[PDB]
Amino acid sequence: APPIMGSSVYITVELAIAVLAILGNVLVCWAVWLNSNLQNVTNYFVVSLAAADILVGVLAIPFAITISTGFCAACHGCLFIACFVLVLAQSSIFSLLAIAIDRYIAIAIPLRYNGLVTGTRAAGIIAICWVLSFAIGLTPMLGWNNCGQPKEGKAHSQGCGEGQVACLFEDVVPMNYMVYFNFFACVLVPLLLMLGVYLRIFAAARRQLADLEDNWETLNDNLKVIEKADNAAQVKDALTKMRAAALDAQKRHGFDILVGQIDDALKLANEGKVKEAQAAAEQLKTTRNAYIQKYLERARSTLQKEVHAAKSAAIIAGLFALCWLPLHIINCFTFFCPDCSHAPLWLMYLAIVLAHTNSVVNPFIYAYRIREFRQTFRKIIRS
Ligand SMILES: CC(C)CCC[C@@H](C)[C@H]1CC[C@H]2[C@@H]3CC=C4C[C@@H](O)CC[C@]4(C)[C@H]3CC[C@]12C
Ligand SMILES: CC(C)CCC[C@@H](C)[C@H]1CC[C@H]2[C@@H]3CC=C4C[C@@H](O)CC[C@]4(C)[C@H]3CC[C@]12C
Ligand SMILES: CC(C)CCC[C@@H](C)[C@H]1CC[C@H]2[C@@H]3CC=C4C[C@@H](O)CC[C@]4(C)[C@H]3CC[C@]12C
Ligand SMILES: CCCCCCCC/C=C\CCCCCCCC(=O)OC[C@H](O)CO
Ligand SMILES: CCCc1cc2c(=O)c(-c3nc(C)cs3)coc2cc1OC(C)=O
Ligand SMILES: CCCCCCCC/C=C\CCCCCCCC(=O)O
Ligand code: NA
């Protein structure tokens, strides 16, 4: 069949994707700009990512449509049209990695997060990452290309002019660059690193939330030990342990009271007065009920929110991998298996479209998983 028919479907689909990528991502950018509760370091990378997606719609998609035609062009101009999407993908990878790291810093060392991760450091990092993205993505423009070996038969058949080639992705971009440099080195490795960071984030969270329960359990069991003791020494044992575990957990009024009360009881227990120390240890229950238990519930609630936010970020990264992998895998087959028939055109189109679809998905994930974005989206849309 005439190429314009299958080309028509592909183009239409690309155009639809472009519209959706632009709309959703402009909305993300708008939400961050308007809502000061969304203005934080994590979200600056979210905006960088959104910008990359906007550019997929504005530029990468129109470029992809263009290159699908195999139009006559100067080889280097053709390279730009072919590789610009790689710049966008690379930037996305950097943003994704930054978000994972940012969340790891928040969970591992929350006391030092604000002084370490600032808005100014973030903007500089974003700038650097875009520069690096251009370098990586446009590496073929620096000389790793097939412009030195033009397919002159193909160019002459299409009536191309001198110094021009039929602009086709696989004719100008070397597959070794695509597979070894782009896929393995610049996409695969960072994604694996991201996986590693997420694993550490979830482990740190799981460990902290066990530790909170342990401390609590230690306060309750040592209380019971004090109640059932027969001598001062047993009481002194259980309170010394308790004092250590009160401080660990406090590493304000309520904890001052708690430690003070343990000290009261300990002094009584060091004087041999068992019954008085036990009654004194009983007052600890009042401090636990109205102070310590509230600290435990808030600390646990803060951790769960961090796990929820980390899962939301991980999903985004997972989705990027899912959307891009098929295309990369196809490139691997093309490159590693020259005896294998090339993947059919329809599959190529499908793989490309899927890759482009990744630029649509983030706004939905934010809307469904993050309440503050969702509420802001509604307001923007309502207003
Ligand atoms: C990342 C997840 C979703 C897995 C996706 C795997 C996809 C990309 C895999 C699964 C089966 C694969 C195909 C298996 C057989 C062939 C025949 C060969 O002549 C060309 C490549 C081609 C057509 C492969 C292209 C890539 C392929 C379609
Ligand atoms: C953790 C995962 C997602 C990383 C990506 C796995 C990739 C690199 C793997 C998965 C399936 C693999 C392919 C499976 C089969 C063939 C056909 C063979 O004639 C050449 C290698 C080739 C083409 C492999 C290249 C590498 C490959 C594409
Ligand atoms: C999923 C992750 C861990 C990657 C898995 C990669 C696997 C599928 C890759 C790695 C090395 C690859 C093999 C390397 C060499 C050859 C010789 C070639 O004449 C036929 C394909 C064959 C036999 C490949 C089949 C696919 C292969 C086994
Ligand atoms: C030649 C054809 C291609 C050219 C196409 C134009 C080039 C677009 C490139 C980069 C824009 C990147 C924008 C990144 C926006 C993120 C900014 C941000 O997040 O702000 C942080 C905040 O200011 C902290 O206080
Ligand atoms: C079908 C339309 C033109 C075309 C495009 C590309 C393309 O954009 C990529 C890419 N890979 C990545 C990781 C980013 S972009 C790979 O192979 C292609 C092959 C193509 O044409 C073929 C199959 O011969
Ligand atoms: C914030 C946006 C940052 C953009 C900075 C641009 C950095 C450019 C760095 C490397 C890209 C090199 C591409 C070479 C183009 C060759 C063009 C030609 O053929 O003349
Ligand atoms: Na992206």
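Under the working numbering, the sequence shown has 200 at position 200, and the numbering climbs by one with no breaks. Think of the CB as a built atom: it goes at the ideal place given N, C-alpha and C, for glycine as much as any other residue.
Check this for me: beta carbons of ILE54 and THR66, under 9 Å apart or not?
For the purposes of this step, residue 54 is identified with residue 54 of the sequence shown, where counting begins at 1. For the purposes of this step, residue 66 is identified with residue 66 of the sequence shown, where counting begins at 1. The answer is no: Cβ separation not under 9 Å.
Which of the three DSSP states is assigned to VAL173 in this structure?
As a working mapping, residue 173 is identified with position 173 in the sequence shown. DSSP places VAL173 in the coil class of the three-state scheme, outside both helix and strand.
Would you mind reading off the limits of the beta strand (DSSP E) that contains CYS340?
Sequence index remark: in the sequence shown, residue 340 carries index 340 (1-based). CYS340: not part of any beta strand (DSSP E); DSSP gives it neither H nor E.
Tell me the residue span of the alpha helix (DSSP H) that contains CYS29.
Along the sequence shown, one-based indexing puts residue 29 at 29. According to the DSSP assignment, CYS29 belongs to the alpha helix (DSSP H) that extends over 3-34.
Applying the criterion that 16 or more other CB atoms from any shown protein chain within 10 Å of the CB defines a buried residue, is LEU34 buried or exposed?
Counting from 1 along the sequence shown, the entry for residue 34 is found at position 34. Counting other Cβ atoms within 10 Å of its Cβ, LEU34 stays below 16 and is therefore classed as exposed.
Cutoff 8 Å; reference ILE125; Cβ partners in own chain excluding five residues on either side:
Within the sequence shown, the letter at position 125 stands for residue 125. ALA98, listed in sequence order.
So, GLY159 versus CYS72, is the Cβ gap smaller than 9 Å?
On the sequence shown, residue 159 is found 159 positions in, with the first residue counted as 1. On the sequence shown, residue 72 is found 72 positions in, with the first residue counted as 1. Yes, these two residues count as a Cβ contact at 9 Å.
Does any heavy atom of ligand 6 sit closer than 8 Å to the C-beta of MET348?
Counted from its first residue, the sequence shown places residue 348 at position 348. No, the Cβ of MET348 stays beyond 8 Å of every heavy atom of ligand 6.
Assuming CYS72 is part of the beta strand (DSSP E), what are its boundary residues?
As a position in the sequence shown, residue 72 is number 72, starting the count at 1. From DSSP, the beta strand (DSSP E) with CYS72 extends over 72-74.
Assuming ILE136 and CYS78 make a contact with CB atoms under 8 Å, what is their CB distance in whole Å?
Indexing the sequence shown from 1 puts residue 136 at position 136. Indexing the sequence shown from 1 puts residue 78 at position 78. Going by Cβ atoms, the distance from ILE136 to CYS78 rounds to 19 Å, so no, they are not a contact pair.
Give the list of continuous alpha helix (DSSP H) stretches no shorter than 4 residues that lie fully inside the segment 73-149.
Taken in chain order, the whole alpha helix (DSSP H) runs of length 4 or more contained in the segment 73-149 are 75-108, 110-116 and 119-137.
Does any C-beta atom of chain B lie closer than 9 Å to the C-beta of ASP264?
Here chain B cannot be found, since the structure has a single protein chain.
Element boundaries [beta strand (DSSP E), containing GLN250]
As a working note, residue 250 is residue 250 in the sequence shown. From DSSP, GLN250 is part of no beta strand (DSSP E); its letter is neither H nor E.
Run through DSSP, which three-state label would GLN293 get?
On the sequence shown, residue 293 is found 293 positions in, with the first residue counted as 1. Three-state result, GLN293: helix.
Which residue from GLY57, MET194, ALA244 and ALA108 puts its Cα closest to that of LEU88?
In the sequence shown, counting from the first residue as 1, residue 88 sits at position 88. Selected option, being the one with the closest Cα: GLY57.
Going by C-alpha to C-alpha distance, which of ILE316, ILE380, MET348 and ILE381 sits closest to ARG369?
Numbered from 1 along the sequence shown, position 369 holds the residue referred to as residue 369. Closest in alpha carbon position to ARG369, among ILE316, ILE380, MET348 and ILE381, is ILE316.
Straight-line CA distance for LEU111 to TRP144?
Position 111 of the sequence shown, counted from the first residue, corresponds to residue 111. Position 144 of the sequence shown, counted from the first residue, corresponds to residue 144. Linking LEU111 to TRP144 through their CA atoms gives a straight-line distance of about 47 Å.
Counting C-beta neighbours from all protein chains within 10 Å, is the total for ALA313 16 or more, i.e. buried, or is it exposed?
Counting from 1 along the sequence shown, the entry for residue 313 is found at position 313. So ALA313 ends up on the buried side.
Is the Cβ-Cβ distance between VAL307 and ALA205 less than 9 Å?
Taking the sequence shown and counting its residues from 1, one reaches residue 307 at position 307. Taking the sequence shown and counting its residues from 1, one reaches residue 205 at position 205. Yes, they are a contact pair.
Take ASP248 and list the residues in its own chain whose beta-carbon comes closer than 7 Å to its own, dropping the five residues that flank it on each side.
For the purposes of this step, residue 248 is taken as the residue at position 248 of the sequence shown. Once the five neighbours on either side are set aside, the close Cβ partners of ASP248 are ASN215.
Mapping DSSP to helix, strand and coil, what is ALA166?
Taking the first residue of the sequence shown as position 1, residue 166 is located at position 166. Here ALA166 sits in strand by DSSP.
Where does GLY196 sit, in a helix, a strand or coil, going by DSSP?
The residue given as residue 196 occupies position 196 in the sequence shown. Correct three-state label for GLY196: helix.
Within 10 angstroms of the Cβ of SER92, are there 16 or more other Cβ atoms? Answer buried if so, exposed if not.
Taking the first residue of the sequence shown as 1, we reach residue 92 at position 92. The residue in question, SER92, is buried, as its Cβ has 16 or more Cβ neighbours within 10 Å.
I need the DSSP call for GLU227, collapsed to helix, strand or coil.
Position 227 of the sequence shown, counted from the start, is the residue given in the question as residue 227. When secondary structure is reduced to three states using DSSP, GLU227 falls in the helix class.
Since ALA238 contacts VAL225 with CB under 8 Å, what's their CB separation in whole angstroms?
Here residue 238 refers to the residue found at position 238 of the sequence shown. Here residue 225 refers to the residue found at position 225 of the sequence shown. Correct: roughly 4 Å between the Cβ atoms.
Using only Cβ atoms and a threshold of 7 Å, which residues come within that distance of a heavy atom of ligand 2? Order them by chain position.
Every residue passing the under-7 Å Cβ criterion appears here: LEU188, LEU325, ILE329, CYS332, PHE333, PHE336, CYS337 and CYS340.
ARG382 versus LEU49 - alpha carbon distance
Locating residue 382 in the sequence shown gives position 382, where the first residue counts as 1. Locating residue 49 in the sequence shown gives position 49, where the first residue counts as 1. So the two alpha carbons sit approximately 25 Å from each other.
Is it right to say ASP171 is buried, meaning 16 or more other beta carbons lie within 10 angstroms of its own, or is it exposed?
What you label residue 171 is simply residue 171 of the sequence shown in a count that begins at 1. Per the 10 Å Cβ criterion, buried.
Rounded to whole angstroms, what is the Cα-Cα separation between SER133 and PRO338?
Indexing the sequence shown from 1 puts residue 133 at position 133. Indexing the sequence shown from 1 puts residue 338 at position 338. The alpha-carbon of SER133 is positioned some 30 Å away from that of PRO338.
I'd like the list of long-range same chain contacts for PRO150, defined as Cβ closer than 7 Å, with 5 residues on each side in sequence excluded.
Translated into positions along the sequence shown, residue 150 becomes position 150. Counting only Cβ-Cβ distances below 7 Å, and skipping sequence neighbours, we find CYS75 and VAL165.
Could you give the DSSP three-state label for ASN43: helix, strand or coil?
Translated into the one-based positions of the sequence shown, residue 43 becomes position 43. Reduced to three states, the DSSP call for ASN43 is helix.
Where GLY161 sits in the DSSP three-state scheme
Translated into positions along the sequence shown, residue 161 becomes position 161. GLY161 carries a coil assignment under DSSP once its states are collapsed to helix, strand and coil.
Taking the alpha carbon of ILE380 as the point to measure from, which residue in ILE4, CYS29, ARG288 and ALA1 has its own alpha carbon closest?
Counted from its first residue, the sequence shown places residue 380 at position 380. When C-alpha distances from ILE380 are compared across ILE4, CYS29, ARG288 and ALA1, the shortest belongs to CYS29.
Looking only at C-alpha atoms, which of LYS251, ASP230, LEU258 and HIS253 sits nearest to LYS275?
Taking the first residue of the sequence shown as 1, we reach residue 275 at position 275. Looking at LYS251, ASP230, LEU258 and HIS253, the one whose alpha-carbon comes closest to that of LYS275 is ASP230.
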